[PDB]
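Line by line, the protein sequences are chains C and A.
When you line the first sequence up against the deposited numbering, it's residues 441 to 489, in that order.
When you line the second sequence up against the deposited numbering, it's residues 392 to 440, in that order.
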Amino acid sequence: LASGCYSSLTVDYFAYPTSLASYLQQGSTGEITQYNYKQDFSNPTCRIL
Amino acid sequence: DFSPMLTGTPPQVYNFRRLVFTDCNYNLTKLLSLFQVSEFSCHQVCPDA
Ligand SMILES: *[C@@H]1O[C@H](CO)[C@@H](O[C@@H]2O[C@H](CO)[C@@H](O)[C@H](O)[C@H]2NC(C)=O)[C@H](O)[C@H]1NC(C)=O
Ligand SMILES: CCCCC/C=C\C/C=C\CCCCCCCC(=O)O
């Protein structure tokens, strides 16, 4: 990402505590994944806290 | 019956208690609401499955 070019760049940002960092994981089943936000894995993507 | 897991004092790592459940229906939402998950790592399955 530092040394390259991409045709588009979509950034989703929100205020999120690091104590709930496991609820944003890939296969998580918490309240965040079921009702708040589901990450899309169809393009190369990163998740940064 | 998740009462032995949620009633007494928890044991230590060498003296771990084991519960095996067959033929029953459990409320996963209540158990996930009781605890705050710090980290998890799964093998050949994901918690949403
Ligand atoms: C699993 O447990 C939760 C409680 O943690 C149950 O949710 C409650 O359901 C009753 C009955 O509808 C409501 O009056 C409460 O307000 C609910 N509480 C919460 C915190 O949601 C839930 O019904 C249980 N699951 C099943 C299938 O019975
Ligand atoms: C923490 C309570 C553990 C209770 C164990 C008993 C039954 C659980 C059965 C399957 C566990 C699936 C949830 C795994 C953790 C999800 C992490 C999260 O929520 O992001």
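C-beta: ideal position from N, C-alpha, C; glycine also.
(request) Compare the Cα-Cα distances from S459 (chain C) to each of A:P401, A:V428, A:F393 and A:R408 and report the closest residue. (result) For the purposes of this step, residue 459 (chain C) is taken as residue 19 along the first sequence, with counting starting at 1. Residue A:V428 is the option with its Cα nearest to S459 (chain C).
(message) Are the CB atoms of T473 (chain C) and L464 (chain C) within a distance shorter than 9 Å?
(response) Start at 1 with the first residue of the first sequence, and residue 464 (chain C) comes out as number 24. Start at 1 with the first residue of the first sequence, and residue 473 (chain C) comes out as number 33. It is a contact, given that the beta carbons lie within the stated cut-off.
(request) Along the alpha helix (DSSP H) that carries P484 (chain C), what are the first and last residues, could you check? (result) Along the first sequence, read from residue 1 onward, the residue named residue 484 (chain C) stands at position 44. Looking at the DSSP string, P484 (chain C) is not in any alpha helix (DSSP H), and its letter there is neither H nor E.
(request) Starting from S462 (chain C), find everything on chain A with Cβ-Cβ shorter than 8 Å and list it in chain order. (result) Sequence index remark: in the first sequence, residue 462 (chain C) carries index 22 (1-based). Those within 8 Å of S462 (chain C) in chain A are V428, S429, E430 and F431.
(message) Can you confirm whether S459 (chain C), when its beta carbon is compared against all beta carbons of chain A, has any partner nearer than 9 Å?
(response) Taking the first sequence and counting its residues from 1, the one referred to as residue 459 (chain C) is at position 19. Interface residue, yes.
(request) With DSSP as the reference, label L441 (chain C) as helix, strand or coil. (result) The residue you call residue 441 (chain C) lines up with position 1 of the first sequence. Three-state result, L441 (chain C): coil.
(message) Can you determine whether any heavy atom of ligand 2 sits closer than 8 Å to the C-beta of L419 (chain A), and answer yes or no?
(response) Here residue 419 (chain A) refers to the residue found at position 28 of the second sequence. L419 (chain A): yes, Cβ under 8 Å from ligand 2.
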